[PDB]
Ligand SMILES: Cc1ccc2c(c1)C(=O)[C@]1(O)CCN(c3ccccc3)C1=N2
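Single chain ahead, by itself, as structure tokens, in the form solved without the named molecule.
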């Protein structure tokens, strides 16, 4: 029994090592410390300082250097007694300050303990190295175990959700968010792995599992923050029958980063699939596809990075091709997907030349003709449609000769649509396979980024941020109720931001954006002007910059984020020349024809991108609203992708943005420590005369100690089953003499 075998890997990897004694006495000391900022400028970097004295109003402590300082008791960040170092739930700490929180988190990480709870949340720190806690043997141990019974772990939250599902007959949700590279997908895959094991019986399970890899090849890429970043968000519905067995699955994708297909920053890569293809394609497939090295392609030859360390695109291509096979994609299907990938590479190879007049021309039909063949479309129609699209100018339909820039840009537009569309198609194709109309229950997993606050924030960041204001409010509401429940079981702000963004009347940012969208001739300037006009000095969550003329700022949950308006008009419309669609609709390819002839794929509805985003977010929320949710906050330890490197600033910032610290401060004001009578006595019986560790009237005994100690009744609160302590209370208690 691993949970009991102190020699087990379980103990080794998941628990703080346990000695031979329980004795309260070991932990005895007389020293008292505070967490202080040695450099007031750098407030997230703190040092421990012993309190050498005290006044009625302050504290006087000694620094590392032996430098004495004074602090207000109220501004003091007192350090919890050493015994608290490493607890599995921050909700267990007595002093709940920010430094204290990071500390516990750090003590744990120092021991390779990546999972820690914070009340309702499961905090997970990226180890940046392998930890063998995900083996089948690991899985088997979590089965049926209460949260309190076992150590913190993703498998643990997953078990709770499945048991709740079965016991409450209620659907469930796991929300996993955090920065790029923080480890979301990793945890996501574990949740599924675990579910499949605990509820599976396999063929479906297989196909389910195999879906991921497909999604990864097409929607994942190498960025500066992660070698395998998911450039899209997702919602995974794991379906079950009334018996508790997996019946199916459904996938919902969002915000795919199409842009990446025609452009990548230095060092980054295009989607993994491009490379897998280039590498593991048979030599006899290459020729059929007019393939070469990535170096030979405009879309792959520009970041100065075509491969990933510790990664074989060919080996991976095998992997992908297998999954497709398992899922059920016909060879013919597979072909076409590759052809598309191919065509896309060819399209980017097209060189627009425009010297003849002021309209572009094609001196070389090579690339062009390559695209056409693989697409199974006409080169002449493609050609025209690209540089001479007929545009409706009133009553007349006239073909316009496009310049070079415009020409290239349309070609790019074509490529992005191909991709985005193919992506949708795959998702669709997969759901068909695993998805159930008639399902009894479900467990859903949402994996997407948390707030994004980059150097430069564009339309996509507004969107993601918007989603996050909603998730945060959901958490907040959910937290409110359950807190009340518990306080009830025992005898014991985002609206404004959301409105500014999605409001109808008065119109919010998105409504103004849609409005400007109707006008062919509107510009970024008209748009940014309209926005300031309506909110500058008028809406409290908005800010007009002192000097930039292309940006505006939104005060979010996370804090202020400054956005830039470039291309928002275009992005909202996501325009594609009709001649283009025309061209592609006749496609000899059975896969191509769908992308264009299927209204479910080829069109949004009439609605704009923003309108579609709002809608999907609402359906999402709605659904979530019907489940019992679970929250996992994935934390990146540093920005270097290194182990044993947990940077306070890096960390603190995420804890502030993600709601963990907020949940704490809040709880901090209440009665944060809620202990079970038996457990209380066991550890502190010694504090009072006449109390045996094992006492049948735990509540009475509890009262004994408190009474003996002469604690202030305002500080503690008798619950039907637990004793509730205000902040600092347990600490001093702990700090008492045997």
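Residue numbers count along the first chain shown, from 1.
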(request) Using what the record says, work out whether there is a hole in the model between residue 492 and residue 493 and how many deposited residues it spans (none, 1 to 3, 4 to 9, 10 or more). (result) 4 to 9
(request) Mind giving me a quick count class for deposited residues absent from the model between residue 605 and residue 606? Options are none, 1 to 3, 4 to 9, 10 or more. (result) 4 to 9
(message) Using only C-alpha atoms and the B-factors in the entry, which stretch averages higher, 686 to 694 or 708 to 716?
(response) 686 to 694
(request) Between 449 to 457 and 168 to 176, point out the one with the higher average CA B-factor as the PDB entry records it. (result) 449 to 457
(request) Among the candidates 399, 151, 107, 417, give the one with the maximum CA B-factor reported in the record. (result) 399
(message) Highest recorded C-alpha temperature factor, please, choosing from 434, 323, 392, 347.
(response) 392
(request) Classify residue 214 as lowest, middle or highest third according to the C-alpha B-factor given in the PDB entry, relative to its own chain. (result) middle
(message) Test of reading the entry: by CA B factor among the chain's modelled residues, which third contains residue 404?
(response) highest
(message) Ranking the modelled residues of this chain by C-alpha B-factor as given in the entry, is residue 312 in the lowest, middle or highest third?
(response) highest
(message) How does the C-alpha B factor of residue 555 compare with the rest of the chain: lowest, middle or highest third?
(response) lowest
(request) For residue 352, return the chain-relative third of its C-alpha B-factor as stated in the PDB record: lowest, middle or highest. (result) highest
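Keep in mind that the form solved in complex with the named molecule is missing from the display, and what follows is about it.
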(message) If I take 3+ ligand atoms inside 2.4 Å of backbone or C-beta atoms as the clash criterion, is the pocket here open or blocked once the named molecule is superimposed from its pose in the bound PDB entry?
(response) blocked
(message) With the partner left out here, check for me: in the bound PDB entry, does some heavy atom of residue 257 sit within 4.5 Å of the named molecule?
(response) yes
(request) Check whether residue 233 has any heavy atom within 4.5 Å of a heavy atom of the named molecule in the bound PDB entry, and answer yes or no. (result) yes
(request) Flag residue 327 as yes or no: does it have a non-hydrogen atom within 4.5 angstroms of any non-hydrogen atom of the named molecule in the bound PDB entry? (result) no
(message) Since only the chain is shown here, I'm wondering whether residue 560 would be in contact with the named molecule in the bound PDB entry (any heavy atom pair within 4.5 Å).
(response) no
(request) Sort through 614 to 622, 551 to 559, 275 to 283, 327 to 335 and report the only stretch with a non-hydrogen atom within 4.5 Å of the named molecule in the bound PDB entry. (result) 614 to 622
(message) Please tell me which of 460, 405, 353, 315 lies within 4.5 Å of the named molecule in the bound PDB entry, judged by heavy atoms.
(response) 460
(message) Only one of 591, 215, 609, 367 gets a heavy atom within 4.5 Å of the named molecule in the bound PDB entry. Which one?
(response) 609
(message) With the named molecule taken in the bound PDB entry, which residues across 420 to 458 come within 4.5 angstroms through any non-hydrogen atom?
(response) 448, 449
